[PDB]
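Trainee: Sharing a structure below in structure tokens format, with a few things to ask.
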Amino acid sequence: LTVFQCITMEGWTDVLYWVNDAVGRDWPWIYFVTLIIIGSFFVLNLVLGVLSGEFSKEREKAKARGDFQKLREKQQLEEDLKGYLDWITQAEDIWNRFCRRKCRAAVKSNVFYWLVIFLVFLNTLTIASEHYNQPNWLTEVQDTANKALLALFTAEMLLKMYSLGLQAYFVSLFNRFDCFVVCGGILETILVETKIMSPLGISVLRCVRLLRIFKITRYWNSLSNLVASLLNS
Amino acid sequence: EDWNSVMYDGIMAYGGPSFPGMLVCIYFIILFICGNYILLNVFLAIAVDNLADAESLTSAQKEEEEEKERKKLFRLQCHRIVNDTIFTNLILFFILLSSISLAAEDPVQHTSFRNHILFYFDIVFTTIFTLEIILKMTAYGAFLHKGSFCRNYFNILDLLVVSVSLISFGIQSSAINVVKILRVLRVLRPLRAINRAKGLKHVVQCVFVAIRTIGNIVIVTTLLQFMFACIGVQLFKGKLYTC
Amino acid sequence: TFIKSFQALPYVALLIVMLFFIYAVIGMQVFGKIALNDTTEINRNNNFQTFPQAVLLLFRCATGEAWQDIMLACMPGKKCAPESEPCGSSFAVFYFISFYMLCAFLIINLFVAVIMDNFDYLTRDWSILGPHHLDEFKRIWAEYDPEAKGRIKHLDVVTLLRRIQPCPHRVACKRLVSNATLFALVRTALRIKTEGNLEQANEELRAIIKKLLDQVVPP
Amino acid sequence: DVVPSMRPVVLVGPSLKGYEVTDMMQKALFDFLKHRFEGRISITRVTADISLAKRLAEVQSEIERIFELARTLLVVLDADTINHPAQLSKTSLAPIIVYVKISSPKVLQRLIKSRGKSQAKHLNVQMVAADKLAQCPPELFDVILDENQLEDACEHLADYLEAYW
Amino acid sequence: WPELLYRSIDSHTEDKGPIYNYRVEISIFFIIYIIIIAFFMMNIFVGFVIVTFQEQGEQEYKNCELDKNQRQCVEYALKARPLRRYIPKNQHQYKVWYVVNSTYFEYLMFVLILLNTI
Ligand SMILES: COc1ccc2cc1Oc1ccc(cc1)C[C@H]1c3cc(c(OC)cc3CCN1C)Oc1c(OC)c(OC)cc3c1[C@H](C2)N(C)C=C3
Ligand SMILES: [Ca+2]
Ligand SMILES: [Ca+2]
């Protein structure tokens, strides 16, 4: 039992200090130090190896099951719709609606992309600047800053709703996510305005606002495949 | 975490340590051994099978549908560079002995009978390694000759450590608190051996390349961990005090 | 295989050694003069005073054993050592956090490096013939033949120890007809091809794969 | 035979021209051609049949007026009669025919369902036309419209239009 | 962890002392955090290194050649060396040599050592 506790590495040091106080400090460490390295690390390395090695068998076996092939089908499939749905929008515009061309042109423009990124950067400061006893003015700054950022984020969200096809906007997974958070922010304004908030409400309603930080890491594809593969499984 | 505290509470519940009681350890050993085996399978299978598919897309779709979208289509004379072979192993000895020199200094004894003895060993090593600083002048570099010295930053580190030791003696006469930190930075001696050991250079270089690839993962965790901290602050913004 | 692999990757294990030494020295000095006392983590049995003691504390924090409690012990404002003739540091928060991250990462690199360099055995279906089969073939041959006394000397089927895993349908007799024997089984145990030209095709493979004596390879 | 001083440009779309879904796919495409080939390109819109050409009464004058524009010294011809390279193989006017493709037919249903439910049930009448367009080898399959977006798909038309001009 | 968990559960209100098990629902926050970062994300990083190293390892994939089983096997072509056996020549030596080399002797000793530890 005493040996087994050491290998789990909890209480490992306490017994060592109860032995150093009985037979001196010189030799005893070799028993426990070698026990952890030989007992814990190697087996922890072995167990990791076989588990990692074994799953290569199933992963190789799963290749014949076409899990990647089916997954690849959805990825290319759903990607095309967004590309093809662009044509219809680019053609639906050949009551004057020539301004709709201008609004779309900004959506894909670099200036618009970084503008929202900066807004997301500000939103982090609004929330990250919490403090146990904030100055009485800081709460007002966070109060106004939260509201102002909420209007801009929804204001540009609606822009994409009209600039891009309503059905087209919901095609992309990320675009679906943005509606979820921005919709959640609206509840906060109503709940805070009407004084019907609950301790449960503020937590998640705060959490959604933080999730807007995921606006960052959009170009990056390493994480995109993780989530895409993750959702399939 | 406190796997022990729970066990001993369980054992004492069934009397003291004896034969009839004390067998409840079987429940805790079963729980930990069987419990931790499930977590490895569930989370390694999730993190390997799904991860393997994700990178497969990153290398299958990205590689080929971009192959197709692109398939759309001073004195320079009588210098002595000799003796660089024996010094190869010899220098590694001084670094090894120099590191041990600072591994033996006693911190607690301000007026130590040993630090003064060690202080001399720093002199000999400091003087010895300053010789190679002069030697490097003969070789291409010295911020000159197309910056041969600046093209190998690993060799620059050799100078910085020597300069750090040299600076310490100058400020030692002043007997000022500044030297308190300068001494700490001298610990960089062992890394000096990296530039000289061919087999070690590959390992340390391989570590950096890994970090560059990992950058796509650690960056995600930092945002995720920071996201939890932001939630954490709201939940417990100073409610944890206790008289 | 694992013990063998650790030998093939010594320099990686040296890197983790350098991490302990570098951090042990830094901790040895900045937190050298902390006041020892019971009821606190920095006590008679834990302290950055002697190098062996410091490295053990670094090892202690490596396995995550109340390391966070030590981090609070080295924070500034702690009484100083009686030897000193107000004595801690605030570098601890970075010191222990940085060590655990770096130590945890290098151990990960050390663990995975051994796994991958030994990935052949770990992922092996154990159905196709492997090196183990050759070794047990040597032992029976060795028991069937002492030191360097066998060239052909084959007139009996006592070498029947081969089970289903590489006289059913007389294939053994045909295989037997087709170190000399050792190469014979491998070229036919996997059954690379059956076209009446494997030797000619394989005779052109060992030429490019290779070096050593080739007057026994053709057989 | 003899070049009619021009290489008329026509577009079959991914399916029957009788519906709106195919129509929008090209109106945007046509626009970019005339904004980057000022004068070089000309556009013609007709509603009669061209298959019955002898190298119905209205079709008699259809070829000449197309030729009349072709005499002015590309020309884009828009018609609802061509649904397969065979329809234009009956005459040798050196036409250039461009094909819109949906590599996976599964995309069509999502696209068709989006515009309106009235024509959603007509996917069978439409998806079939796409299949008919998936049997012509390169020879009757000259122009390649495979990429989804426009900016990187339209440019694949201009480069093919530099063969002579 | 548990010391903080039970100091967080006993959290009444901002700037106020603790109340025993005021809100045990808060444990969801720690359990969710433990699973996500400590267990899940930590495994992704471990899995990523294993896969990333595999790309480096398979740099010399050489798809043209056949499986790696041949690589070991052909490299084993230099095998089949003499192995020390030294069958006894003296009749007296052979008697003891057979029994000690007997499978019974190997199994018999394993019983003794097991008893020795007992
Ligand atoms: C300083 O280096 C280390 C110090 C301490 C430790 C490991 C160290 O190195 C590693 C080696 C291998 C890996 C990660 C780290 C990878 C390994 C692993 C190991 C691992 C994980 O928990 C977080 C998670 C993972 C992810 C999956 N794969 C399989 O270790 C565990 C436990 O898992 C069995 C555990 O039970 C759940 C409890 C503890 C620990 C560690 C041990 N400590 C901190 C505390 C308790
Ligand atoms: Ca613990
Ligand atoms: Ca622990």
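We label chains A, B, ... in the order they appear in the structure tokens, count residues from 1 in each chain, and number ligands from 1 in the order shown.
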As a PyMOL selection string, could you give me every residue of chain D near chain A (at most 7 Å apart, counting only C-alpha atoms)?

Mentor: chain D and resi 24-25+27-28+107+114+148-150

Trainee: DSSP on the backbone, alpha helix (DSSP H) only: what residues of range 4-213 of chain C does that give? Format it as number ranges by chain.

Mentor: C: 4-8, 10-30, 51-62, 67-73, 92-117, 119-122, 131-144, 171-177, 180-189, 198-209

Trainee: Create the file for the chosen residues now, containing C-alpha atoms and written as a compact mmCIF listing (two decimals), in the first residue's frame.

Mentor:
# COMPACT_ATOMS: atom_id res chain seq x y z
CA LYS C 4 16.92 -0.11 -26.20
CA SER C 5 15.16 3.02 -27.48
CA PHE C 6 16.15 5.06 -24.42
CA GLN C 7 19.77 4.33 -25.32
CA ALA C 8 19.23 5.57 -28.89
CA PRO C 10 20.41 9.98 -24.88
CA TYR C 11 20.74 13.64 -25.81
CA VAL C 12 17.01 14.23 -25.33
CA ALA C 13 17.33 12.89 -21.79
CA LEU C 14 20.29 15.23 -21.38
CA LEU C 15 18.10 18.24 -22.18
CA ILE C 16 15.80 17.51 -19.23
CA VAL C 17 18.94 17.12 -17.12
CA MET C 18 20.06 20.60 -18.18
CA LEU C 19 16.63 21.99 -17.26
CA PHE C 20 16.97 20.67 -13.70
CA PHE C 21 20.50 22.03 -13.33
CA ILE C 22 19.69 25.47 -14.73
CA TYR C 23 16.59 25.91 -12.57
CA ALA C 24 18.23 24.36 -9.51
CA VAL C 25 21.00 26.97 -9.62
CA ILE C 26 18.66 29.93 -10.12
CA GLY C 27 16.45 28.77 -7.27
CA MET C 28 19.54 27.99 -5.22
CA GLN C 29 20.54 31.67 -5.22
CA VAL C 30 17.39 33.82 -5.28
CA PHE C 51 22.37 21.33 -4.67
CA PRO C 52 21.09 17.80 -3.85
CA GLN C 53 18.30 19.31 -1.75
CA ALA C 54 17.42 21.88 -4.41
CA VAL C 55 17.25 19.30 -7.20
CA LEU C 56 15.01 17.11 -5.04
CA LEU C 57 12.65 20.04 -4.51
CA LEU C 58 12.64 20.62 -8.27
CA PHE C 59 11.92 16.92 -8.71
CA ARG C 60 9.22 17.24 -6.05
CA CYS C 61 7.57 20.07 -7.98
CA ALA C 62 8.01 18.12 -11.22
CA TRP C 67 4.22 22.57 -5.57
CA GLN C 68 1.77 25.47 -5.38
CA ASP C 69 2.27 25.46 -1.60
CA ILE C 70 6.02 25.90 -2.09
CA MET C 71 5.41 28.79 -4.48
CA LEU C 72 3.73 30.68 -1.63
CA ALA C 73 6.68 29.91 0.66
CA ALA C 92 8.89 32.56 -7.59
CA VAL C 93 5.56 32.96 -9.40
CA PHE C 94 7.39 32.87 -12.72
CA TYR C 95 10.02 30.42 -11.47
CA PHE C 96 7.71 27.54 -10.54
CA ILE C 97 5.10 28.20 -13.23
CA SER C 98 7.82 28.33 -15.88
CA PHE C 99 9.56 25.22 -14.56
CA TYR C 100 6.39 23.14 -14.51
CA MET C 101 5.47 24.16 -18.06
CA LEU C 102 8.99 23.60 -19.38
CA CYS C 103 9.47 20.42 -17.36
CA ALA C 104 6.06 19.11 -18.40
CA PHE C 105 6.84 19.86 -22.05
CA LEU C 106 10.29 18.25 -22.11
CA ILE C 107 8.93 15.12 -20.44
CA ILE C 108 6.27 15.05 -23.16
CA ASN C 109 9.00 15.38 -25.79
CA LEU C 110 11.06 12.68 -24.06
CA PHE C 111 8.07 10.34 -23.80
CA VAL C 112 6.87 10.81 -27.37
CA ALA C 113 10.40 10.65 -28.78
CA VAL C 114 10.84 7.15 -27.35
CA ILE C 115 7.37 6.12 -28.54
CA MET C 116 7.95 7.27 -32.11
CA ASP C 117 11.50 5.97 -32.46
CA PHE C 119 6.74 3.01 -33.23
CA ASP C 120 7.43 -0.10 -35.33
CA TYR C 121 6.84 -2.62 -32.54
CA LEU C 122 3.98 -0.68 -30.95
CA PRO C 131 11.90 -10.59 -36.31
CA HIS C 132 10.68 -12.78 -33.45
CA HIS C 133 9.94 -15.57 -35.93
CA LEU C 134 13.48 -15.42 -37.30
CA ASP C 135 15.00 -15.61 -33.82
CA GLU C 136 13.04 -18.70 -32.78
CA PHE C 137 14.01 -20.15 -36.16
CA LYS C 138 17.65 -19.59 -35.23
CA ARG C 139 17.24 -21.29 -31.84
CA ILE C 140 15.76 -24.44 -33.36
CA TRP C 141 18.41 -24.33 -36.09
CA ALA C 142 21.06 -23.76 -33.42
CA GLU C 143 19.71 -26.73 -31.46
CA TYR C 144 19.62 -28.44 -34.87
CA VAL C 171 4.18 -26.43 -50.30
CA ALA C 172 7.01 -26.91 -47.80
CA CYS C 173 8.75 -29.36 -50.14
CA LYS C 174 8.44 -26.90 -53.02
CA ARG C 175 9.56 -24.07 -50.73
CA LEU C 176 12.40 -26.23 -49.40
CA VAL C 177 13.54 -27.01 -52.95
CA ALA C 180 21.12 -19.56 -47.16
CA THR C 181 17.90 -21.12 -45.87
CA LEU C 182 17.06 -18.04 -43.80
CA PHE C 183 16.74 -15.94 -46.95
CA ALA C 184 14.74 -18.72 -48.62
CA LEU C 185 11.84 -18.54 -46.17
CA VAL C 186 11.56 -14.74 -46.09
CA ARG C 187 11.43 -14.42 -49.88
CA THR C 188 8.58 -16.97 -49.84
CA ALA C 189 7.08 -16.68 -46.34
CA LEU C 198 10.80 -13.93 -58.38
CA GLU C 199 14.47 -14.92 -58.10
CA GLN C 200 15.37 -13.00 -61.26
CA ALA C 201 13.35 -9.99 -60.09
CA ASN C 202 14.73 -10.31 -56.56
CA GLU C 203 18.26 -10.84 -57.91
CA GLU C 204 17.99 -7.26 -59.21
CA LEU C 205 16.63 -5.98 -55.87
CA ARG C 206 19.39 -7.06 -53.48
CA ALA C 207 21.81 -5.53 -56.00
CA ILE C 208 20.26 -2.09 -55.49
CA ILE C 209 19.16 -2.50 -51.85

Trainee: Considering only C-alpha atoms, state which residue in the set C:147, C:190, C:179, C:168 is at the smallest distance from residue 82 in chain E.

Mentor: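 When distances to residue 82 in chain E are compared using only C-alpha atoms, the smallest one comes from C:147.
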
Trainee: List the spatial neighbours of residue 42 in chain C as JSON, numbers by chain - criterion: any atom at most 12 Å away, only C-alpha atoms, same-chain residues fewer than 3 positions off excluded.

Mentor: {"C": [31, 32, 33, 34, 35, 36, 37, 38, 39, 45, 46, 47, 48, 49, 53, 54, 57, 66, 67, 69, 70, 71, 72, 73, 74, 75, 78, 79, 80, 81, 88]}

Trainee: Using only C-alpha atoms, what does the table of chain E residues within 10 Å of chain C look like, with each row giving the shortest atom pair and its distance in Å to one decimal, sorted by chain and ascending number, as a Markdown table?

Mentor:
| residue | atom | partner | partner_atom | distance |
| --- | --- | --- | --- | --- |
| E:45 | CA | C:108 | CA | 9.4 |
| E:46 | CA | C:108 | CA | 7.2 |
| E:47 | CA | C:112 | CA | 9.4 |
| E:49 | CA | C:112 | CA | 7.3 |
| E:50 | CA | C:112 | CA | 6.2 |
| E:51 | CA | C:116 | CA | 9.3 |
| E:53 | CA | C:116 | CA | 7.1 |
| E:54 | CA | C:116 | CA | 7.0 |
| E:56 | CA | C:116 | CA | 10.0 |
| E:57 | CA | C:116 | CA | 7.7 |
| E:66 | CA | C:192 | CA | 9.7 |
| E:68 | CA | C:120 | CA | 8.8 |
| E:69 | CA | C:130 | CA | 7.2 |
| E:70 | CA | C:186 | CA | 8.5 |
| E:71 | CA | C:209 | CA | 9.2 |
| E:72 | CA | C:131 | CA | 7.6 |
| E:73 | CA | C:186 | CA | 7.2 |
| E:74 | CA | C:206 | CA | 8.2 |
| E:75 | CA | C:210 | CA | 9.0 |
| E:76 | CA | C:131 | CA | 8.5 |
| E:77 | CA | C:183 | CA | 6.4 |
| E:78 | CA | C:179 | CA | 7.3 |
| E:79 | CA | C:179 | CA | 6.4 |
| E:80 | CA | C:179 | CA | 4.9 |
| E:81 | CA | C:148 | CA | 6.9 |
| E:82 | CA | C:147 | CA | 4.1 |
| E:83 | CA | C:147 | CA | 5.3 |
| E:84 | CA | C:147 | CA | 6.2 |
| E:85 | CA | C:146 | CA | 6.3 |
| E:86 | CA | C:146 | CA | 7.8 |
| E:87 | CA | C:146 | CA | 8.4 |

Trainee: Export, as a CSV table (one decimal), in the first residue's frame, the selected residues with N, CA, C and O atoms.

Mentor:
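part-v9.csv written:
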chain,number,residue,atom,x,y,z
E,45,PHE,N,-2.9,18.0,-27.3
E,45,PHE,CA,-1.5,18.4,-27.4
E,45,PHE,C,-0.6,17.2,-27.5
E,45,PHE,O,0.3,17.1,-28.3
E,46,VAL,N,-0.8,16.2,-26.6
E,46,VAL,CA,0.0,14.9,-26.6
E,46,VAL,C,-0.3,14.2,-28.0
E,46,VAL,O,0.7,13.7,-28.6
E,47,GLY,N,-1.5,14.1,-28.4
E,47,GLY,CA,-1.8,13.5,-29.7
E,47,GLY,C,-1.2,14.3,-30.8
E,47,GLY,O,-0.8,13.7,-31.8
E,49,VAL,N,1.6,16.1,-30.9
E,49,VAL,CA,3.0,15.8,-30.9
E,49,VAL,C,3.3,14.4,-31.6
E,49,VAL,O,4.2,14.3,-32.4
E,50,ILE,N,2.5,13.4,-31.2
E,50,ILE,CA,2.7,12.1,-31.7
E,50,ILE,C,2.5,12.1,-33.2
E,50,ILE,O,3.3,11.6,-34.0
E,51,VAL,N,1.4,12.8,-33.7
E,51,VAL,CA,1.2,12.9,-35.1
E,51,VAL,C,2.2,13.7,-35.8
E,51,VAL,O,2.7,13.4,-36.9
E,53,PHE,N,5.3,14.4,-34.9
E,53,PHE,CA,6.5,13.6,-35.0
E,53,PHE,C,6.4,12.5,-36.1
E,53,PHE,O,7.4,12.2,-36.7
E,54,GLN,N,5.2,12.0,-36.3
E,54,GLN,CA,5.1,11.0,-37.3
E,54,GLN,C,5.4,11.5,-38.7
E,54,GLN,O,6.0,10.8,-39.5
E,56,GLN,N,7.5,13.9,-39.4
E,56,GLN,CA,9.0,14.0,-39.4
E,56,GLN,C,9.6,12.6,-39.6
E,56,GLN,O,10.5,12.4,-40.3
E,57,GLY,N,9.0,11.6,-38.9
E,57,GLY,CA,9.5,10.2,-39.0
E,57,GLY,C,9.3,9.7,-40.4
E,57,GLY,O,10.2,9.0,-40.9
E,66,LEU,N,8.3,-1.4,-50.9
E,66,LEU,CA,7.2,-2.1,-50.2
E,66,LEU,C,7.3,-1.9,-48.7
E,66,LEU,O,7.9,-0.9,-48.2
E,68,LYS,N,7.8,-1.9,-44.6
E,68,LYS,CA,9.0,-1.8,-43.8
E,68,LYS,C,9.4,-3.2,-43.2
E,68,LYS,O,10.5,-3.3,-42.7
E,69,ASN,N,8.5,-4.2,-43.3
E,69,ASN,CA,8.9,-5.5,-42.9
E,69,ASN,C,10.1,-6.0,-43.6
E,69,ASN,O,11.0,-6.7,-43.1
E,70,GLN,N,10.1,-5.8,-44.9
E,70,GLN,CA,11.3,-6.2,-45.8
E,70,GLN,C,12.5,-5.5,-45.3
E,70,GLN,O,13.6,-6.1,-45.3
E,71,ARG,N,12.4,-4.2,-45.0
E,71,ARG,CA,13.6,-3.5,-44.6
E,71,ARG,C,14.4,-4.2,-43.4
E,71,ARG,O,15.6,-4.4,-43.5
E,72,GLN,N,13.6,-4.6,-42.4
E,72,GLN,CA,14.2,-5.3,-41.3
E,72,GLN,C,14.7,-6.7,-41.8
E,72,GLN,O,15.8,-7.1,-41.5
E,73,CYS,N,13.9,-7.4,-42.6
E,73,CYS,CA,14.2,-8.7,-43.1
E,73,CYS,C,15.5,-8.7,-43.9
E,73,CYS,O,16.4,-9.6,-43.7
E,74,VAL,N,15.6,-7.9,-44.9
E,74,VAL,CA,16.8,-7.8,-45.8
E,74,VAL,C,18.0,-7.4,-44.9
E,74,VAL,O,19.1,-8.0,-45.1
E,75,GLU,N,17.9,-6.5,-44.0
E,75,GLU,CA,19.0,-6.2,-43.1
E,75,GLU,C,19.3,-7.3,-42.2
E,75,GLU,O,20.5,-7.4,-41.7
E,76,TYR,N,18.4,-8.3,-42.0
E,76,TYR,CA,18.7,-9.5,-41.3
E,76,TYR,C,19.3,-10.6,-42.2
E,76,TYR,O,19.6,-11.7,-41.7
E,77,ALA,N,19.6,-10.3,-43.4
E,77,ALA,CA,20.2,-11.3,-44.3
E,77,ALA,C,21.6,-11.6,-43.8
E,77,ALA,O,22.1,-12.7,-44.1
E,78,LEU,N,22.3,-10.8,-43.0
E,78,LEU,CA,23.6,-11.1,-42.4
E,78,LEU,C,23.4,-11.8,-41.1
E,78,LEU,O,24.4,-11.9,-40.3
E,79,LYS,N,22.3,-12.4,-40.8
E,79,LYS,CA,22.0,-13.2,-39.6
E,79,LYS,C,22.5,-14.6,-39.8
E,79,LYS,O,23.2,-14.9,-40.7
E,80,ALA,N,22.1,-15.5,-38.9
E,80,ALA,CA,22.5,-16.9,-39.0
E,80,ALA,C,24.0,-17.1,-38.7
E,80,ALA,O,24.7,-17.6,-39.6
E,81,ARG,N,24.4,-16.6,-37.6
E,81,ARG,CA,25.8,-16.8,-37.1
E,81,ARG,C,25.9,-17.9,-36.1
E,81,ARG,O,24.9,-18.4,-35.6
E,82,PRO,N,27.1,-18.4,-35.9
E,82,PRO,CA,27.2,-19.5,-34.9
E,82,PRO,C,26.7,-19.0,-33.5
E,82,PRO,O,27.0,-17.9,-33.1
E,83,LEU,N,26.1,-19.9,-32.8
E,83,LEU,CA,25.6,-19.7,-31.5
E,83,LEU,C,26.2,-20.7,-30.5
E,83,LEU,O,26.2,-21.9,-30.7
E,84,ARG,N,26.7,-20.1,-29.4
E,84,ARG,CA,27.4,-21.0,-28.4
E,84,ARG,C,26.5,-22.0,-27.8
E,84,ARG,O,25.5,-21.7,-27.2
E,85,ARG,N,26.8,-23.3,-28.0
E,85,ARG,CA,26.1,-24.4,-27.4
E,85,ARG,C,27.0,-25.3,-26.6
E,85,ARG,O,26.7,-25.6,-25.4
E,86,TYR,N,28.2,-25.6,-27.1
E,86,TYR,CA,29.2,-26.4,-26.3
E,86,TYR,C,28.5,-27.7,-25.7
E,86,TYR,O,28.4,-27.8,-24.5
E,87,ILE,N,28.1,-28.5,-26.6
E,87,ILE,CA,27.5,-29.8,-26.1
E,87,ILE,C,28.7,-30.6,-25.4
E,87,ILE,O,29.8,-30.8,-25.9

Trainee: Give the residues close to ligand 3, within 8 Å, counting only C-alpha atoms and all ligand atoms; write them as a PyMOL selection string.

Mentor: (chain A and resi 9-10) or (chain B and resi 1) or (chain C and resi 63-66)

Trainee: From the options D:120, D:33, D:10, D:98, which residue's atoms come nearest to residue 158 in chain D, counting only C-alpha atoms?

Mentor: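 For residue 158 in chain D, the nearest of the given residues is D:33.
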
Trainee: Using only C-alpha atoms and a distance of at most 10 Å, pull out the residues of chain E that contact chain B, as number ranges by chain.

Mentor: E: 1-4, 7-19, 26, 29-30, 32-33, 35-37, 39-53

Trainee: With only C-alpha atoms considered, list every residue of chain A at most 12 Å from chain E, as a list in words.

Mentor: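 Taking only C-alpha atoms into account, residues 45, 48, 49, 51, 52, 53, 55, 56, 131, 132, 133, 199, 200, 203, 204, 207, 222, 223, 226 and 230 of chain A sit within 12 Å of chain E.
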
Trainee: So that I can see what lies close to residue 12 in chain B, please list as a PyMOL selection string the residues with an atom at most 12 Å from it, counting only C-alpha atoms and leaving out residues fewer than 6 positions away in the same chain.

Mentor: chain B and resi 5-6+18+21-25

Trainee: I'd like the neighbourhood of residue 189 in chain B as a PDB file with N, CA and C atoms, in the first residue's frame, where a residue qualifies if any of its atoms comes within 7 Å (using only C-alpha atoms), though same-chain residues fewer than 3 positions away should be ignored.

Mentor:
ATOM      1  N   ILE B  95      33.537  23.649 -19.434  1.00  0.00           N
ATOM      2  CA  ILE B  95      32.125  23.968 -19.248  1.00  0.00           C
ATOM      3  C   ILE B  95      31.517  23.034 -18.210  1.00  0.00           C
ATOM      4  N   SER B  99      30.325  24.516 -14.680  1.00  0.00           N
ATOM      5  CA  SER B  99      28.968  24.363 -14.170  1.00  0.00           C
ATOM      6  C   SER B  99      28.977  23.762 -12.772  1.00  0.00           C
ATOM      7  N   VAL B 161      28.127  35.563 -21.923  1.00  0.00           N
ATOM      8  CA  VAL B 161      28.408  34.967 -20.620  1.00  0.00           C
ATOM      9  C   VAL B 161      29.756  35.447 -20.098  1.00  0.00           C
ATOM     10  N   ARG B 186      24.733  34.591 -14.424  1.00  0.00           N
ATOM     11  CA  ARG B 186      25.889  33.787 -14.802  1.00  0.00           C
ATOM     12  C   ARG B 186      25.544  32.312 -14.951  1.00  0.00           C
ATOM     13  N   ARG B 192      26.276  27.104 -22.872  1.00  0.00           N
ATOM     14  CA  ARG B 192      27.443  27.320 -23.718  1.00  0.00           C
ATOM     15  C   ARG B 192      27.821  26.048 -24.465  1.00  0.00           C
TER      16      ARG B 192
END

Trainee: Between CA of residue 115 in chain D and CA of residue 174 in chain A, what distance in Å does the model show, to one decimal?

Mentor: 22.6 Å

Trainee: Any chance you could tabulate, as JSON lines, the residues of chain B at most 7 Å from chain C with each one's nearest atom pair and distance in Å to one decimal, using only C-alpha atoms, in chain and rising number order?

Mentor:
{"residue": "B:103", "atom": "CA", "partner": "C:51", "partner_atom": "CA", "distance": 6.3}
{"residue": "B:104", "atom": "CA", "partner": "C:51", "partner_atom": "CA", "distance": 7.0}
{"residue": "B:106", "atom": "CA", "partner": "C:50", "partner_atom": "CA", "distance": 6.9}
{"residue": "B:107", "atom": "CA", "partner": "C:32", "partner_atom": "CA", "distance": 5.4}
{"residue": "B:108", "atom": "CA", "partner": "C:33", "partner_atom": "CA", "distance": 5.3}
{"residue": "B:109", "atom": "CA", "partner": "C:83", "partner_atom": "CA", "distance": 6.2}
{"residue": "B:110", "atom": "CA", "partner": "C:84", "partner_atom": "CA", "distance": 6.4}
{"residue": "B:184", "atom": "CA", "partner": "C:26", "partner_atom": "CA", "distance": 6.3}
{"residue": "B:187", "atom": "CA", "partner": "C:22", "partner_atom": "CA", "distance": 6.6}
{"residue": "B:200", "atom": "CA", "partner": "C:11", "partner_atom": "CA", "distance": 6.0}
{"residue": "B:203", "atom": "CA", "partner": "C:12", "partner_atom": "CA", "distance": 6.2}

Trainee: Smallest atom-to-atom distance to chain B: which of A:69, A:20, A:110, A:34, using only C-alpha atoms?

Mentor: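 Looking at the shortest contact to chain B, the residue is A:69.
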
Trainee: Output as number ranges by chain the set of chain A residues within 12 Å of chain C, with distances taken over only C-alpha atoms.

Mentor: A: 6-21, 24-26, 29-30, 32-34, 36-38, 40-61

Trainee: If you run DSSP on the backbone, which residues of range 16-91 of chain D are strand (DSSP E or B), as an MDAnalysis selection string?

Mentor: chainID D and resid 42:45 75:78

Trainee: With C-alpha atoms retained, write the just-selected residues as a short mmCIF file (atom, residue, chain, number, x, y, z; two decimals), in the first residue's frame.

Mentor:
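Output saved as result_20.cif:
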data_model
loop_
_atom_site.label_atom_id
_atom_site.label_comp_id
_atom_site.auth_asym_id
_atom_site.auth_seq_id
_atom_site.Cartn_x
_atom_site.Cartn_y
_atom_site.Cartn_z
CA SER D 42 -20.53 41.89 -77.84
CA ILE D 43 -23.70 40.27 -76.49
CA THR D 44 -26.81 39.02 -78.30
CA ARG D 45 -30.11 37.82 -76.84
CA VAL D 75 -19.98 37.94 -79.73
CA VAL D 76 -22.04 36.39 -76.93
CA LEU D 77 -25.20 34.58 -78.03
CA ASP D 78 -27.88 33.85 -75.42
#

Trainee: Counting only C-alpha atoms, a student should be able to say which residues of chain B come within 10 Å of chain D; what is the right answer, written as JSON, numbers by chain?

Mentor: {"B": [69, 72, 73]}

Trainee: In Å to one decimal, how far is CA of residue 39 in chain A from atom 6 (C, counted along the ligand's line) of ligand 1?

Mentor: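 One can read the atom 6 (C, counted along the ligand's line) of ligand 1 to CA of residue 39 in chain A distance as 12.6 Å.
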